[PDB]
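Here are the chains, one letter per residue:
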There are 4 protein chains.
Amino acid sequence: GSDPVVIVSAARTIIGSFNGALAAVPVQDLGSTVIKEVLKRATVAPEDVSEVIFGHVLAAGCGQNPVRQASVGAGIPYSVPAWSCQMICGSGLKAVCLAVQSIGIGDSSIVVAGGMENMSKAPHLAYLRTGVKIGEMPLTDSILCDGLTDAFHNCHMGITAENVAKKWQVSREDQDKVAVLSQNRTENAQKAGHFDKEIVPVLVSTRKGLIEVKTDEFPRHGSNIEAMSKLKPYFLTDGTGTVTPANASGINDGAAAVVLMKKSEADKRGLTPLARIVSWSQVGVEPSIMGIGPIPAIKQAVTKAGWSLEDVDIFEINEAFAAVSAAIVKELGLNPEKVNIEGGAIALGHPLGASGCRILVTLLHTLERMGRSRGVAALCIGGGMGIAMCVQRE
Amino acid sequence: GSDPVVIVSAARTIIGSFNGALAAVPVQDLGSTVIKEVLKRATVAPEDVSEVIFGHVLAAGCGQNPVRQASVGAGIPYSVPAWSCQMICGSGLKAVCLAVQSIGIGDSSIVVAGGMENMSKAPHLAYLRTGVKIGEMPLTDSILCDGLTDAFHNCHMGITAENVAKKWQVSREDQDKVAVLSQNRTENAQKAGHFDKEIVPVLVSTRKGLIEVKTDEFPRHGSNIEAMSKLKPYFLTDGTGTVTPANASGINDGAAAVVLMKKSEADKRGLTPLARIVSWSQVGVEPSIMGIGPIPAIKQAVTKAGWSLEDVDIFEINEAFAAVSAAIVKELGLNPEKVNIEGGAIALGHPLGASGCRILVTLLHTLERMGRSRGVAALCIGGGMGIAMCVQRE
Amino acid sequence: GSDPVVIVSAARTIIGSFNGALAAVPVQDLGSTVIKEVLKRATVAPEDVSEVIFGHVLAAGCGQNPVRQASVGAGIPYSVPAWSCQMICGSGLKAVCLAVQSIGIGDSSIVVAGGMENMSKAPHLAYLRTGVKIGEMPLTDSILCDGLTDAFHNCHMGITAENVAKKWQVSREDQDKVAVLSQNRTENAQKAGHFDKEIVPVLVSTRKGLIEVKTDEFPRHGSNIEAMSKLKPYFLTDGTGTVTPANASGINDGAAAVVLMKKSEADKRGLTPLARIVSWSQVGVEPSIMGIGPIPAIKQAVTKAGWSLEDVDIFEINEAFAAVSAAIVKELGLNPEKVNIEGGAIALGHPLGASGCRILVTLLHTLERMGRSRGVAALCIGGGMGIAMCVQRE
Amino acid sequence: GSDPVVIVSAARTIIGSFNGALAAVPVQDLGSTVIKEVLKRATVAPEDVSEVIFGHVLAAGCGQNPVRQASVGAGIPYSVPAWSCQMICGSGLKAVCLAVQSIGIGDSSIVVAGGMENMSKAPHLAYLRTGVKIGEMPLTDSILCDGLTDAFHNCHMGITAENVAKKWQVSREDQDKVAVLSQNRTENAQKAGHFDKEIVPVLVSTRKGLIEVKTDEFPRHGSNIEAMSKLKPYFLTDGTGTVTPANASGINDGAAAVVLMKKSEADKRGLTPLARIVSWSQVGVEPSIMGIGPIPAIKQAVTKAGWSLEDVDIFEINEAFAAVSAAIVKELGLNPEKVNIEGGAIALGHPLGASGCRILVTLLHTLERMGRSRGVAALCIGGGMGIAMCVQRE
Ligand SMILES: CC(C)(COP(=O)(O)OP(=O)(O)OC[C@H]1O[C@@H](n2cnc3c(N)ncnc32)[C@H](O)[C@@H]1OP(=O)(O)O)[C@@H](O)C(=O)NCCC(=O)NCCS
Ligand SMILES: CC(C)(COP(=O)(O)OP(=O)(O)OC[C@H]1O[C@@H](n2cnc3c(N)ncnc32)[C@H](O)[C@@H]1OP(=O)(O)O)[C@@H](O)C(=O)NCCC(=O)NCCS
Ligand SMILES: CC(C)(COP(=O)(O)OP(=O)(O)OC[C@H]1O[C@@H](n2cnc3c(N)ncnc32)[C@H](O)[C@@H]1OP(=O)(O)O)[C@@H](O)C(=O)NCCC(=O)NCCS
Ligand SMILES: CC(C)(COP(=O)(O)OP(=O)(O)OC[C@H]1O[C@@H](n2cnc3c(N)ncnc32)[C@H](O)[C@@H]1OP(=O)(O)O)[C@@H](O)C(=O)NCCC(=O)NCCS
């Protein structure tokens, strides 16, 4: 307001498949890759960064404060504080919102915010300190334990998606249609080169030598409803299920970042931003239907912006599950041709801590490419939250 | 400033010994205990909380977003967002600073901030997804991997303490003197009932039934230099070492929380706060000497407050290691009778994510009890950071 | 027959409680202790041993061929072959029977046979070579998996004991009476010094220095039916159960050995044996009632010896469970004052691979002490086998 | 002698590659496959078996007495005892020798002996009962710990092979020549159908349905010295090494069995045996050079038979390593055209507990096919043993 926070640069790694192209890359190196790149793009020297704030969910085995490792590994000096936030799938967007606060209140001048996740490298967990006299002990999967199981109902996120499918009357067929659309949109965007600008290559050391990875790995080209219709429901297997691996997001690896500063600071520095941040919201809802978090979050953020829903040109609403995506669109009455137009996480994947920033990166570049003005990024969050941000092209 | 953020209530659990009195209590239940209690103390209804922000470091195996579990378990409704921050040992104080920002900028009205850690429940970690054809695989200790090993130099925090002992010329004898002083101060504070007000009991289900735990477990009463002088250095064993288990903080379990709002909101509600928050700082330093983080952090925060160091009545500077505590005091020229006067983490323990809020809780209650005005809380942070806050009794 | 196999010396370690006095002693060192000792007792030089044959059940993590480690560690030269047999609880007696065959057929002149088990050191097991994409994996307890669970019915040995209790009509009260009797007999034998001769001390390296362990650890002195009557059934918990920890054998650590040669060789060497081996048997029965294996085994061995059951002066029948012990006695019509007169495994413990030789050692020394002539040793075996041996004092 | 023990039938599974074609088949099912088949081949009813004796080394996680599981799973009644022997790589031949003793002394009439191993299914091991306060714990590979590491020198079997290569002056080039010869011989034998008779197919349940596996998986067709010459030494990496994966046996899965009875019993039953057993030996040597065990074992067995080495038509000497094979041949002065003429374990693989019987099976069928008379089977054994058997075609 008058001197709003603006986003000057925005980049992401490709999103790797589970146990795929980025699996050997430590999360902090994904982070360093995007941090160094957005600073390069913005022509901001690393010593001028006030702080680094990253979302990161599955941090077991990553060492002490992996965000600080990422910062230093990007060339940011030890003098610059760096820290993480966790708000499950909202984390990478929450990082951006935190930067908005720190800049807006006058504590920070330039913030690199983002998110990062290497789910392939998430470990299994054993509790060994008591010592089991006699009997089996579990090696628990941290992805399931800490990432994907609701704490209140002890059910997978996909069961919450089934809850939303039932309550919002999103059929199996509806879900597969949304999934095929997401796949086809991503394939089209890829062929057209729409992600070239946002992607920064990742260097991977291989037996055959160092290679660059610069194409998203998760999309299933030639996706079709006939093939999707044949799959069995994965999460709910009692004959009433609807969610399958083809209409759900994946488990994936990736990172994304943005450079933020006040408009006045961008002006001082001769930088034209991608967009100004208009508003943001965080909300709470019931855990059993966490997927609908974006409904109140978007409504609140749009209201705070002084907008109507019709004023929004482009939405990125994270595609946790087709059932959930469809419910949000249906309830809000959104035009599908304005929502996830480059495809979403069904096709692209969902590295938990990264996605909230990844979708913002894609949004900003879509607004830019299409010469549209107003955008919204929003995500649901396990345990019953939502987060949303309104941006306007500058 | 004019309408500053104020702290209305401040409470903590006891600090449990490693594999001790709180070992069976999930971290989120420690969190719920303090959250519910500070709201009770402040006479603030849980539905009036804007958000909950907690520090938490070792989150493996704790389930989806343990801070949200803690919030809901305290009686805060699902409508209230709850999330975590990680900045290693600074996390619990960072949570408070984040609340200052959210309130100060106008996003939140009332925040419950704090920190929590159950180190006893930290798991061991195994990477199982590739699958080892042939050979040994480690079960890595998450406390060592993620909590206590510097990422840049692959050394324990205690080696960084040895680095500081050498550079700031803090002898073995100096360190044991500081440690005995800390022990004796805590024992005196305990006997005098100085922690009664701040402590909230924890309920623990036992075979013999439910019991309340309301005394700190870690202090070693009757500590003396003769006994401490006999121990061997633990971290550096080549004959030049100085840090032992008796002059280092412990591995421990606990939680702490505070209720924050604007002065105007406290006034509206007829609440007299414990203190107003004057300033805070976060800084970066070299990882090899991370222990000295508080030197620049305190200097910056005190300067921001418009104070001189002599104006500060009481300091809580987390006692990660006696070597580090002594170095900070020596460099800054502080009066030991103004620093950690109820004892510190050598005696009381150091649950990573909780300590930054725990020391603030103890500080506020010391200012209150002694009728003193100005306080500073500060911590070092692994990877080379410092964080500090200035408060003034209201 | 004419030139029978004879046993010249017989010794055992104490039996350690689970995670108790012998828990830090590798199984092969228990073996070495008894092997070296029976050779000393027999005045047979280690280079004169033909081969070493030991029972051993739970060999995971013990290294390559632990019996060879035990042999060499006892001072037997590398020129002497050493190997193991596994027949679950029968293993230590089977080793002796194998020695009878090798000597009797003329392949070996002098054999050290025995059994050994360190159950405390049995590891947990994880299958890691495929690599689990996503999901929990068990750390399986090798004692349960490989030692104590029937392969055919996937039930604990204690469920087979319940099967026998039901079919042979051995009540809870009957079982506790047998258990108290076993405890009291062992306590009496201990007080009277009856085990002094057979026991060889084990050296254990301790922080406080090296100590000798020379008392059995498992007995519960002052055992009584009032206390036993209060315990709940452990294995079968649906209200029809009868087997509890107080009327079942333990999980334990120990080793035992014997030196065998032909009578003519003992005569040549001027050695008076403890006894001659008269006969032995191995049999199969239904796995669900494996505990009754000794009924056919004893009958067959006694028949092979040309004896009647009344001719047998002393029986050692391993006390896997009181239910099983009682069933054998009842079916065969044995005099309880001739069966397990020094107590049995309820009081003394049951290191799987050792027990078959341990009971033989105790039998031989009881015959000797009491100046009685004919003895039988017998055990049940998981999966439905029995093994028995008839001996006669020489 | 006069009424010798004879072998009536002899069969084996294919040998599967590590984590290959048999990896999903429990070891006991491999055992059942061969046991049922040799009884079928011999036209001996399962109820007429006296006992079953199998070699088996890596038994962790296989359940209670896997040999009894194999026996029952083959259709042998519960009345028939079944048990295992362990003498590392000698185990499967030791089982046969034990059967010779039991039959020869008159205890058993018909024995099914053999060996079995599923190395793919060998677990990793963790010691969890004490409980590690703080620090890493290993998941130890049972194959390395229990199978392949010498207990006396803490070195791999391949280091013992390097010891033998040095002492017996077997160069890298010598070793690769032996390895190529083994590969080529096996490839020739395969093409010619020489293993068709001995192999019994294994049924494997697959997603695509049940399939039969009937070809050995490990051979490397088209093996050549140019390719082998390029590989680096695997075990000894200081520049003096010679043993590589191409001149060493593999880690593998398989089982083998034989049916034994007296000649008089075969005559009674109208069965023509494959061969009579003439003699056998077991010996001990130094662990550092365990590979040379067969030298004294073969010499002793041949002497016991009343033979000269020139009288032996065909040798199977297990190819643990080319270095070791070559040393034995060189020292004994054997004709290579009489040794391992169908190839050996370099090409075929080495399932530890199975190999001692597997080579006997192959030997018997080679004698039969070629119409030759006298054979020797021999193996080295970790920890410094050797075992050998002389057979003569009947
Ligand atoms: C569902 C999940 C476990 C993946 O399961 P998986 O068994 O590895 O799934 P795969 O990728 O192997 O796919 C399974 C099948 O679906 C098929 N499939 C997936 N996408 C398809 C597509 N677009 N078209 C056709 N078939 C497809 C695969 O080909 C495979 O078929 P197959 O069995 O014949 O080989 C994982 O993606 C998941 O948990 N997603 C949700 C993550 C989550 O909850 N995030 C938080 C959101 S709040
Ligand atoms: C050092 C550490 C590993 C504990 O080690 P430990 O071996 O469990 O230490 P213990 O509590 O068993 O104490 C070890 C010995 O010191 C003795 N000791 C400890 N405190 C003592 C005291 N005040 N007076 C006398 N002796 C004391 C104990 O009695 C014990 O003696 P013992 O060997 O005779 O039994 C752990 O406390 C630690 O790592 N602390 C640092 C945590 C950290 O780095 N936090 C982050 C900071 S940046
Ligand atoms: C049963 C078993 C699991 C031990 O269980 P556990 O829970 O460790 O048993 P404990 O030794 O702790 O004893 C449990 C209780 O019984 C009590 N108890 C045991 N022996 C007793 C005795 N003689 N008098 C009174 N109480 C006794 C203990 O005091 C303990 O009481 P508590 O709960 O108040 O502390 C184990 O001994 C076992 O599995 N045995 C069978 C082994 C086997 O099957 N071998 C193969 C045979 S075929
Ligand atoms: C050596 C051992 C660890 C296998 O190691 P590994 O790394 O899995 O070996 P691989 O089968 O992957 O072969 C390694 C390389 O050798 C090559 N190689 C193996 N056999 C070859 C052949 N006949 N011709 C050409 N190359 C060959 C493989 O192609 C592979 O080449 P690559 O690196 O380019 O892919 C294992 O076989 C072993 O330990 N053997 C000994 C077992 C033992 O000691 N038994 C007890 C005896 S006392």
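These residue numbers run from 1 along each chain by written sequence and may not equal the entry numbers. Residues without coordinates are not shown. The naming scheme follows written order: chains are lettered A onward, ligands numbered 1 onward. As a rule here, side-chain values come from all non-hydrogen atoms in the structure, and water together with hydrogens is ignored.

Per the deposited record, the coordinates in this entry were obtained by X-ray crystallography to a resolution of 1.55 Å.

As recorded in the PDB entry, chain A goes by the name acetyl-Coenzyme A acetyltransferase 2, listed as coming from Homo sapiens. For this structure, the PDB header gives the title as "Human cytosolic acetoacetyl-CoA thiolase complexed with CoA". The UniProt entry for chain A carries the following text under Subunit: "Homotetramer." UniProt positions are given in the numbering used here, feature names are shortened, and annotations may be inferred rather than shown by experiment. Within the UniProt record for chain A, the comment given under Subcellular location is "Cytoplasm, Cytosol".

Not every one of the 19 residues close to ligand 4 is listed here, only the nearest: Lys-133 of chain B together with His-156, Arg-220, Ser-223 and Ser-249 of chain D. Taken together, the residues near ligand 4 originate from chains B and D. For the purposes of these results, a polar contact is taken to be a pair of N or O atoms within 3.5 Å, where, inside protein, one atom must be able to donate a hydrogen and its partner to accept one; residues adjacent in sequence count only when each atom of the pair is a side-chain atom. Residue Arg-220 of chain D places a side-chain N or O atom 3.0 Å away from an oxygen atom belonging to ligand 4. The backbone of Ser-249 of chain D places a nitrogen or oxygen atom 2.8 Å from a nitrogen atom of ligand 4. About the coverage of ligand 4: the protein hides 71% of its 990 Å² of free accessible area. For the shell around ligand 4, the class distribution of residues is eleven nonpolar, six polar and two charged. As used throughout, domain bounds are those supplied by an automatic or database domain assignment. Both domains that meet at the shell around ligand 4, namely domain 1 (1-124 + 194-277) and domain 2 (152-193 + 278-391) of chain D, each give it at least three residues. Neighbouring residues are identified by heavy atoms, a residue being near a molecule or strand if any of them is within 4 Å of it. All accessibility values rest on the Shrake-Rupley procedure with a 1.4 Å probe; residue burial counts only the protein chains present in the view. Amino acids outside the nonpolar list (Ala, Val, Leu, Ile, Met, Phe, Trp, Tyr, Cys, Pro) and the charged list (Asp, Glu, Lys, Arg) are all regarded as polar, and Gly is one of them.

Turning our attention to the relation of the copies chain D and chain B. Note that copies are overlaid through least squares, fitting their C-alpha atoms. Note on the copies: chain D fits chain B at an RMSD of 0.0 Å, the axial shift is 0.0 Å, and the rotation between them is 180 degrees. Those values place the two copies in the arrangement expected of a two-fold rotation axis. Proximity to the rotation axis, assessed at the C-alpha, singles out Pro-138 of chain D in chain D; its C-alpha lies 2.4 Å from the axis. When the interface residues of chain D are mapped onto chain B, 100% of them again fall at the interface, so both copies present the same face. Only heavy atoms matter for contacts: two residues are in contact if any of them lie within 4.5 Å across the pair.

To continue, consider the sheet that holds strand 7 (residues 137-141) of chain C. The strands making up a sheet are joined through hydrogen bonds of the backbone, oriented either antiparallel or parallel. Criterion used throughout: strands pair if DSSP finds at least two bridges between them. Counting from the N terminus, the helices are the DSSP runs of H or I reaching at least four residues and the strands are the DSSP runs of E reaching at least two. The antiparallel closed barrel is built from eight strands, whose spatial order is 6(A)-7(A)-7(C)-6(C)-6(D)-7(D)-7(B)-6(B). Neighbour-to-neighbour, the strand axes of this sheet turn through a mean angle of 30 degrees, independent of strand direction. Here strand 6 (residues 124-126) of chain A runs beside strand 6 (residues 124-126) of chain B; their pairing, made up of three bridges, is antiparallel. Directly across from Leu-125 of chain A, in strand 6 of chain B, lies its bridge partner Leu-125 of chain B. Here an axis means a line fitted to C-alpha atoms, over the contact stretch when the element is a helix, while the angle between two N-to-C directions is reported on a 0 to 180 degree scale.

This part takes up the pattern of salt bridges. The term salt bridge refers to a pairing of a side-chain nitrogen on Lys or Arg with a carboxyl oxygen on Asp or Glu at a separation within 4 Å. Evaluation of the coordinates by the stated rule reveals 60 salt bridges over all chains. The closest approach of N and O atoms between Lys-197 of chain B and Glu-368 of chain B, which form a salt bridge, is 3.8 Å. Placement of the pair is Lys-197 of chain B in the loop between helix 6 (172-191) and strand 8 (202-206) and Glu-368 of chain B in helix 12 (residues 352-370), with a sequence separation of 171 residues. Owing to a relative accessible area of 48%, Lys-197 of chain B belongs among the partly exposed residues under this scheme. Where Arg-129 of chain D meets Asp-141 of chain C, a salt bridge forms, and the shortest distance between an N and an O atom there is 2.8 Å. With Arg-129 of chain D in the loop between strand 6 (124-126) and strand 7 (137-141) and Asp-141 of chain C in strand 7, this residue pair bridges two chains. For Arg-129 of chain D, a relative accessible area of 9% gives the class buried. Linked through salt bridges whose partners overlap, the residues forming this network are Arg-12, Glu-198 and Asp-216 of chain A. Here's how the labels work: a residue is buried when its accessible area is under 20% of the maximum for its type, exposed when over 50%, partly exposed in between, all with a 1.4 Å probe on protein chains only.

Turning chain B through 180 degrees and shifting it by 0.0 Å along the axis lays it on chain A, with an RMSD of 0.0 Å. Most of the interface of chain B is mirrored in chain A: 100% of its interface residues are interface residues there too.

Moving on, we get to the packing of aromatic side chains. Two rings belonging to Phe, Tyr or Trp (six-membered ring only in the last case) form a pair when the distance between their centres is within 6.5 Å. Interplanar angles under 30 degrees mark stacking, angles over 60 mark edge-to-face geometry, and anything in between is tilted. Overall, the coordinates contain twelve aromatic pairs over all chains when judged by the stated rule. Ring geometry for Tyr-78 of chain C against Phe-152 of chain D: centres 5.5 Å apart, planes inclined by 80 degrees, an arrangement best described as edge-to-face. Residue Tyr-78 of chain C is located in the loop between helix 2 (66-73) and strand 4 (82-86), and its partner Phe-152 of chain D is located in the loop between helix 4 (142-148) and helix 5 (157-167); the two belong to separate chains. What makes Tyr-78 of chain C partly exposed here is its relative accessible area of 30%. For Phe-152 of chain D, a relative accessible area of 26% puts it in the partly exposed group. Ring pairing ties together the aromatic residues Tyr-234, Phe-235 and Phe-321 of chain A, which thus form one cluster. Looking at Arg-12 of chain B, its charged tip hangs above the ring of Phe-195 of chain B, at a distance of 5.1 Å from the centre. Here, a charge over a ring is recorded when the distance from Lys NZ or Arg CZ to the ring centre is within 6 Å and its angle to the ring normal is within 35 degrees.

Our next topic: the side chain of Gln-190 of chain D. Secondary-structure assignment places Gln-190 of chain D in helix 6 (residues 172-191). One polar contact links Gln-190 of chain D to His-221 of chain D, side chain to side chain, over a distance of 2.7 Å.

A word on the domain arrangement of chain A. Residue and element names in this part refer to chain A. Domain parsing of chain A yields domain 1 (1-124 + 194-277) and domain 2 (152-193 + 278-391). Opposite the 70 residues of domain 1 that make contact, domain 2 presents 63 residues. Accessible area that two parts lose when put together, evaluated with a 1.4 Å probe and summed over both, is termed the buried area. For the domain 1 and domain 2 pair, buried surface summed over both sides reaches about 5500 Å², with 67% attributable to carbon and sulfur atoms. Contact with domain 2 buries surface across domain 1, with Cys-89, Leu-93 and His-194 losing the most and accounting together for 14% of the total. Run the count over domain 1 and domain 2 and you get one salt bridge. At the junction of domain 1 and domain 2, the tally comes to 23 residue pairs in polar contact. A per-element tally of the side of domain 1 that touches domain 2 places helix 3 (residues 91-104) first, with eight residues. Tallied by class, the residues present in the side of domain 1 that touches domain 2 amount to 35 nonpolar, 24 polar and eleven charged.

Our next topic: the interface of chain B and chain A. At the junction of the two partners, chain B supplies 66 residues and chain A supplies 66 residues. For the pair chain B and chain A, the summed buried surface comes to about 5000 Å²; carbon and sulfur atoms form 57% of the total. At the junction of chain B with chain A, the criterion picks out 30 residue pairs in polar contact. Of all elements in the fold, only helix 2 (66-73), strand 4 (82-86), helix 3 (91-104), strand 6, strand 7 (137-141), helix 4 (142-148) and strand 11 (275-284) of chain B reach the threshold of two or more residues within the side of chain B that touches chain A.

In this assembly, 17 residues from chain D lie in contact with 17 residues from chain B. Summed over both partners, the interface of chain D with chain B comes to about 1300 Å²; 67% of that surface belongs to carbon and sulfur atoms. Three residues, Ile-134, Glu-136 and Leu-139 of chain D, lead the burial of chain D against chain B; their summed loss comes to 39% of the area buried on that side. Connecting chain D to chain B are six residue pairs in polar contact. Its residues assigned to classes, the side of chain D that touches chain B shows ten nonpolar, four polar and three charged. As paired elements, strand 7 of chain B and strand 7 of chain D share three bridges and run antiparallel to each other. Paired with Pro-138 of chain B across the two strands is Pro-138 of chain D, which belongs to strand 7 of chain D.

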